[PDB]
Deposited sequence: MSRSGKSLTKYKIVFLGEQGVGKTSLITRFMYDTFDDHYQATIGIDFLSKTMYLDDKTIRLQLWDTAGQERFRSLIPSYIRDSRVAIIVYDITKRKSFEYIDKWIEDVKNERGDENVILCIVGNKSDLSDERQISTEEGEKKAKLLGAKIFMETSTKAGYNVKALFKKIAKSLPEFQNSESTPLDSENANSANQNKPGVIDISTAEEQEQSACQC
């Protein structure tokens, strides 16, 4: 099947995507610098590839154009991780449409330094297609997040039977 490519931008979410479901698709082939895993969705087996996740990341701008998706994860406990989303959400467009994804981290960590409604409003303003909230400590929506990502990825006239009743 088609080989979807999804750049990520932490590293906890990639770890949680694996080590979660043992549903017969454990054998996730791993390439150089990117991790590929086949995902089950309504009898469909779609190969989702994560392109990348200090000392490096000067090349991931070249990865964005090849990547079908560009995930954004931000820490909800600090504003900087939330405010810096704009630079990268413009950069992805500067570098064909993509299925943009917005998500916070450490939601269940005192918490909620930024209101969830404010995050939703700003994501809608930036044009984000899907917004989900997850957590590193056994996230209850990371599976839902990846399911929504898989769903969002891509995948005549009637024939007139003019024959009349046998007369």
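Residues of the deposited sequence missing from the coordinate set occupy positions 1-7, 17-22, 67-69, 112-114, 129, 176-194, 207-215.
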